[PDB]
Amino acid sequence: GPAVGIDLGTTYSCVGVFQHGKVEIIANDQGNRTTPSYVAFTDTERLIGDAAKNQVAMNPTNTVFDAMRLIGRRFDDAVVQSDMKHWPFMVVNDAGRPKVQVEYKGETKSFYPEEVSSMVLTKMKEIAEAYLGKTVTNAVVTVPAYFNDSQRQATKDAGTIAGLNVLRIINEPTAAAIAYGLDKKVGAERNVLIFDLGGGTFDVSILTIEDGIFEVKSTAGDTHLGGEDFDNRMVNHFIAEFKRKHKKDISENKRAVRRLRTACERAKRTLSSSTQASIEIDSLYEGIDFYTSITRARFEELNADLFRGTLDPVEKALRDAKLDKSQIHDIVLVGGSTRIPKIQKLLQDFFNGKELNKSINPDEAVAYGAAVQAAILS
């Protein structure tokens, strides 16, 4: 190709390419190494990635996200029915199949989950092409380890629709292990634990690797736990603060809440490197500027229960894998949320000081491994 590795996530997507014995995680037009998994439809255009997310506040009904939560599923699915209740966009039934319904250029249109994902995949393909200066065709696409045949098929289809020849569909935890070279033959089998805390989901996977062959020993987690939940906690904290300081409730102003949310997410990232962060929003509500700050300690307390809760799925995974903590040879951090110091502390303490594999940007690890695997399969 070269062939590329693509990681489609609920909040962000990432693409990498293995060249000259080195994986390059490709930055997009905005210089971002991961692209928001958003698609938007307006009176005049279809927006994808950064352009789409950067307007979600003003176009909630026609800005689609979470397509992978529907991909390969039936409309009658309990999870699909549950999820629909929280989405600002419409999901309709088409002969037992879910389709997202939106308005584009004044007309009603509907798309199968794979079509929405193909739009994001197309963006990742173009990002790779802009970088490589050559057409990208072959690719390795990743999916959560628990995805079934239908979900894998629909994910492959999204790739094909995007003009990609999907060389293989591989598990996200496996891709992460590959990124760290944990697939190399070392004689005996090894037990690896993947701790993936993304934007919308939390996955714990225990793999047993031997002779370059992976076995998913167990999987655990929470499909509704991620960085967005941490943002929500901060948002509520600041809504209350604004109310105290201005006796005005901004909760019903969907846009004001979004500008705050974005400020919070940004502040959250800053808190992973520094112990404090400043939030400055000009004319947040009724021309009132909102300048404030939050400490890492405060951020940790606001999310204490959620953070500590990540250890339960870890224990369950070990239990289902029939292994003790001591039997885990490697712990791999995946997902942007694993950059939070308190999360790393919790996991390391649980593992009695065992070092964590965290040198590869957690939100890029899956794409990294997929790129290596794509090169191998090419």
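All residue numbers are counted from 1 along the displayed sequence.
Of the two segments, 18-26 and 5-13, the one listed with the higher mean B-factor is 18-26 (C-alpha atoms only).
In this entry, 294-302 shows the higher mean Cα temperature factor of the pair 168-176 and 294-302. Across 126, 107, 203, 83, the entry's maximum B-factor at the CA atom is seen for 107.
Per the PDB entry, 282 shows the highest C-alpha temperature factor of the residues 282, 196, 228, 114. Sort the modelled residues of the chain by CA B factor and residue 222 lands in the middle third.
Among the modelled residues of its chain, residue 272 has a C-alpha B-factor that falls in the middle third according to the deposited record. Per the deposited record, the Cα B-factor of residue 64 falls in the lowest third when ranked against the other modelled residues of its chain. Annotation for residue 58: C-alpha temperature factor in the highest third relative to the rest of the modelled chain, per the entry. Ranked within its chain, residue 330 lands in the middle third, by CA B factor from the PDB record.
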